[PDB]
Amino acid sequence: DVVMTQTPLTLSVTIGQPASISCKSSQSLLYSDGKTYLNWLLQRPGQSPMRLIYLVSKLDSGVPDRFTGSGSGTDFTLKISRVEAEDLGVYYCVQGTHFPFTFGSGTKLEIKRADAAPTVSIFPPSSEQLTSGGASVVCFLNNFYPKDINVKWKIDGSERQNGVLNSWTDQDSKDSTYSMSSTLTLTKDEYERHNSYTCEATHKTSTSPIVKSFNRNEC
């Protein structure tokens, strides 16, 4: 089979700057009809893949002229003259010259932008959940940059590490930020034993945190 090797794995580019990504095949993609069936796909967060470029350098309908494909034989390149936030996602090359058709493993284009502190929101367990014996405390750390933020939980002022599950969104194509959600799962009995609940946005550097708390006994 034809092996398609894409580099780099990820590319981080500031808005307005150029982008270049490489796709190399283990065999010539020149077909007997003189055409080279090398395609570029973009898969945006949450969507099906969509072709941007075919036959090495031809732009699919609607694709901005900022995109150019080039190459021949076994070495191919996709370039973006000036990156826009909407360009983010995973770019795949895929060859159709040899059966079976094979894909590269993708290059994730990430947008660079100014630092942004997260908007932190903390939520007590719902009355409905407490009714049924559970107590999940939820914290959103939304629209921050760069991607590396962490969460620290405190109960009655004491750090708690067990029972914490986190999830991260893909990069936002409008403001180029990231968001994170953290859930601290307690039993109802444990939740009722304590009063104050604190969610902290932390960093792996000496940097001030962003904190949000609530109290069971008062607003």
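Counting begins at 1, following the sequence as shown.
Select between 159-167 and 175-183 the stretch whose C-alpha atoms have the higher average B-factor in the entry.
Between 175-183 and 159-167, it is 159-167 that shows the higher mean C-alpha B-factor.
Comparing average C-alpha B factors as deposited, tell me which of 68-76 and 98-106 sits higher.
Comparing 68-76 with 98-106, the higher average CA B-factor belongs to 68-76.
Hey, out of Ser26, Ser57, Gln43, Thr36, whose CA B-factor is highest in the deposited coordinates?
Across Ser26, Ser57, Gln43, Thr36, the entry lists the biggest C-alpha B-factor for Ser26.
Report the option among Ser136, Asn143, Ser121, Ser81 whose CA atom has the maximum B-factor in the deposited record.
Spelled out: the listed residue with the top C-alpha B-factor is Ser81.
Quick check for you: using the entry's CA B-factors within this chain, is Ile15 in the lowest, middle or highest third?
For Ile15, whose C-alpha B-factor we compare with every modelled residue in the chain, the answer is the highest third.
Can you tell me whether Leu52 has a C-alpha B-factor in the lowest, middle or highest third compared with the other modelled residues of the same chain?
Answer is lowest: the recorded C-alpha B-factor places it there.
What third of the chain, by the recorded C-alpha B-factor, contains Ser213?
Answer is lowest: the recorded C-alpha B-factor places it there.
Please place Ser206 in the lowest, middle or highest third of its chain according to the CA B-factor in the PDB entry.
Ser206: CA B-factor falls in the middle third of its chain.
Where does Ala85 sit by CA temperature factor within its chain: lowest, middle or highest third?
Within its chain, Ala85 is a highest-third residue by C-alpha B-factor, going by the deposited values.
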